[PDB]
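A short write-up of the structure that comes next.
Positions of Cβ are backbone-derived with ideal geometry, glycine not excepted, and every protein chain shown enters the neighbour counts. No lab work stands behind these numbers, since they all come straight from the coordinates.
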Amino acid sequence: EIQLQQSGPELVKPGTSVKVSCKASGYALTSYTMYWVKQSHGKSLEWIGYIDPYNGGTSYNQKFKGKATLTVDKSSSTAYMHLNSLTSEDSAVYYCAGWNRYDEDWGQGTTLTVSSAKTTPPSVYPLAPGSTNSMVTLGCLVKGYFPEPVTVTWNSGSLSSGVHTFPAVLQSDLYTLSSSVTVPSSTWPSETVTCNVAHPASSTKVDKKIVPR
Amino acid sequence: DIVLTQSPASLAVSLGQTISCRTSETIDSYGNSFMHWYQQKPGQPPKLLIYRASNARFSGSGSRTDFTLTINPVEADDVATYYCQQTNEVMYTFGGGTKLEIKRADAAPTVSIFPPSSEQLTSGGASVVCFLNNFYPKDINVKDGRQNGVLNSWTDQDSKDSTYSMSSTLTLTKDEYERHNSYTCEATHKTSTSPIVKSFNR
Ligand SMILES: [Cl-]
């Protein structure tokens with residue numbers, strides 16, 4: 001009965017304030033209570049606070065009293081979470097959820113990065129193997145981008161389940177990740193295999209055909 | 001306050017083959033108090049499973065102070081971290097979460113080595129990549145005959161075949177890369193008594 005769409009990822013400087021949005025759609029939307037969760041990279045979920053869109057009731061985690069301000073905009077069916085006095089400890093994934101007795105939906109998460117570093121596009125480098133078997137594993141390397149998230153598809157998503165995208169790793173203040181696609185060697189290099197890299201932070205989308213040599 | 005505590009932090013069962021959550025404040029003391037159990041698959045939002053109120057594949061058990069999620073049977077899709085949560089007008093709170101692992105027969109890693117792109121070489125750098133893919137268990141070690149500038153990255157247990165895959169990278173300057181010739185990536189896994197190795201000349 002309800003579906004939720006959070007705003008895009010974000011890079012902001014310490015000591016400013018963001019507002020992230022959650023656009024609801026569905027039936028009987030004031031019947032759902034909106035709330036917000038923080039998930040730090042590889043950490044557990046912590047509740048931020050709630051807002052009852054029908055009556056305006058709100059209740060916050062003590063730790064975010066003062067920090068976070070939840071509002072809803074019944075007109076545009078949008079919940080907001082405003083965050084002040086931002087620091088590096090705040091950067092994490094922020095979910096928005098809605099629920100009642102009958103069902104419950106979460107949003108897709110919003111990656112927020114607090115840093116005074118500037119955005120850095122990825123370096124997308126193809127990985128072709130050397131010189132035997134029906135399967136051939138290709139790859140693609142995205143080198144030194146900031147911040148994270150980054151979206152990596154193969155052939156615009158036409159290749160899946162043959163994929164292994166590896167969690168980016170922080171080395172020298174930057175992220176780098178690799179992803180392996182495996183296909184029949186019947187198919188490659190006859191059929192053109194392409195790496196797709198979206199870095200929404202640096203508003204970047206690059207395709208790199210893998211080529212045989 | 002309200003403290004949610006769940007045992008165990010880490011779990012590991014095989015296909016075909018319970019998690020407890022204990023509140024410090026009972027659900028029954030508030031008029032509209034709720035307990036939830038969530039499944040979080042990796043790189044996904046958490047999804048609601050079961051709920052309990054005050055006054056099929058998965059089931060909730062226990063007393064009004066212990067909401068017990070019980071998965072039976074375990075599919076390979078059930079690989080995730082599981083969270084319990086308590087609801088009332090004063091606060092929401094979540095448990096620590098419990099990581100679920102699938103038990104599978106040990107598997108040979110499929111190793112493939114890769115040389116620097118010409119695009120990275122014209123940039124002035126050179127990176128050597130080794131995918132070890134689809135190997136059980138997670139335990140694995142990797143290494144002209146350096147250990148500096150290496151970067152590794154594991155994957156979570158696969159949801160289809162209950163497997164792990166690892167990526168490693170050895171990185172040099174343009175000029176330092178040609179100072180050597182044979183580059184061999186050595187894969188020390190448990191099951192293969194021989195250390196699976198692959199190399200390239202140029
Ligand atoms: Cl560092």
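Observations
- Charge dipole of region B:1-124 (Cα centre as origin; +1 on each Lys and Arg Cβ, -1 on each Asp and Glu Cβ, all else neutral): 200 debye, rounded to the nearest 20.
- Over the protein assembly as shown: helical MRE at 222 nm, DSSP H runs n ≥ 4 each giving -39500 (n - 2.57), nearest 500: -500 deg cm²/dmol
- A simple charge model with +1 on the Cβ of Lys and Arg, -1 on the Cβ of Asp and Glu and nothing else charged puts the dipole of region B:73-202 at about 440 debye relative to its Cα centre.
- Exposure proxy order (Cβ contacts within 10 Å, fewest to most) of B:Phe94, B:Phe58, B:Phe34, B:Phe135: B:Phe58, B:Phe34, B:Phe94, B:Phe135
- Sites A:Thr16 and A:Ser156, calculated FRET efficiency, Cβ-Cβ separation with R0 51 Å, nearest 0.05: 0.90
- Dipole of region B:19-128, positive direction: furthest Cα of B:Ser29, B:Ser127, B:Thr87, with charges on the beta-carbon: B:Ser29
- Cross-link check: pairs A:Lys19/B:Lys41; A:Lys13/A:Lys209; A:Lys208/B:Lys174 evaluated at a Cα-Cα cut-off of 32 Å; pairs beyond the cut-off: A:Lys13/A:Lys209.
- Sorted fewest first by neighbouring Cβ atoms within 10 angstrom, B:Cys185, B:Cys21 come out as B:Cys185, B:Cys21.
- Each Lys and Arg contributes +1 and each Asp and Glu -1, all at the Cβ; summed about the Cα centre of region A:123-210, the dipole is approximately 120 debye.
- Residues in region A:126-156 that a label on B:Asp161 would reach, taking backbone N under 14 Å of a point 7 Å out along Cα→Cβ: A:134-137
- Calculated FRET value between B:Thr193 and A:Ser76, using beta carbons and R₀ = 45 Å, to 0.05: 0.10
- Rough spin-label spacing in nm, given labels placed 7 Å along Cα→Cβ, for B:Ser10 and A:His41: 2.2
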